[PDB]
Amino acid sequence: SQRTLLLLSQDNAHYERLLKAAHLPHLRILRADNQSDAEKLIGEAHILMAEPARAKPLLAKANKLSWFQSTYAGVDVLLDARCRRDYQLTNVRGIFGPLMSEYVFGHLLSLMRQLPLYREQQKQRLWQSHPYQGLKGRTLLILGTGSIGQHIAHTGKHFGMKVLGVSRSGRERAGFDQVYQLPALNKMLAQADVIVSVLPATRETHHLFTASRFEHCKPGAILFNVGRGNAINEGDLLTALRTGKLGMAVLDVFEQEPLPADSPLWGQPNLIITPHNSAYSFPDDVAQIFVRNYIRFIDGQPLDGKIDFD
């Protein structure tokens, strides 16, 4: 049917429904729900929509492939020097702001209002209130000023927080009271009640939250990492949490995922772990990205979310 799209996603059923509703002419839509079925089909696909980990073992067979739309923001497994680069790769961007605000502030208010304590008191039929504080006037520091950083910024300002951003990059962006740059980090950390790391993994962001020097910043601070495991040296985050250098940590991402059942991280009382699910790629929004990119693609125009292999 002119070009062929292959769907290789855990959300295939949803994608197939959505894409069949979109009525795209001259496009045959094929689906493979396991790797075995995909083996037979991938050589026929001009377009692929898939999770990177599912496509990766099939990619050497993808000899008609022109454009691969990843359903995930993260595509690092496809930058492997062993993998082909003779196609256009796009990822998913710009749709995770609200979901990240929900995750960050759900976890933050859970902590601030001590919900788990109240749940445990309820199990023992104990009526007892404890002190807490509001968010009014507290300082939110966000590392990363893109659409994700900005949305979390507007939410903090909504909750009456001061909002400082870190970037260089540099630019003042919407939702931030002030935006500073890496040199100002320690000065900014010192006044941070809540810290949200949403950084791309650069050599300069490798182990930002370094062993100790850095962790020397505030008894009751809550640190979120929702960017990449790389921002944090885990061994030294641990000691920070064990010795009152940091109040709490909420981590959605890790140096190794799934986090090995071995990890000392699991057991640390003031560490909260989520299985890399702070902001899911919802098919309704990803399909919209796909169809807009499809229109550009068949016209020969530049794709959005395009990944530079170099």
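Position 1 is the first residue in the sequence shown; the rest follow in order.
- Higher average CA B factor: 219 to 227, of the stretches 219 to 227 and 114 to 122.
- Averaged over Cα atoms, the B-factor as recorded in the entry is higher for 17 to 25 than for the other of 283 to 291 and 17 to 25.
- Reading the B-factor column for the CA atoms of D86, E234, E102, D193 in the entry, the top value corresponds to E234.
- Between the residues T90, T139, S129, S212, the entry's highest C-alpha temperature factor is the one at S212.
- In this PDB entry, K64 carries a Cα temperature factor that places it within the lowest third of its chain's modelled residues.
- In the PDB entry, a CA B factor belonging to the highest third of its chain's modelled residues is recorded for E257.
- Ranked by C-alpha B-factor against the other modelled residues of its chain, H154 falls in the middle third.
- Split the chain's modelled residues into thirds by C-alpha temperature factor. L109 is in the lowest one.
- Remark: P269 belongs to the highest third of its chain, ranked by C-alpha B-factor as recorded.
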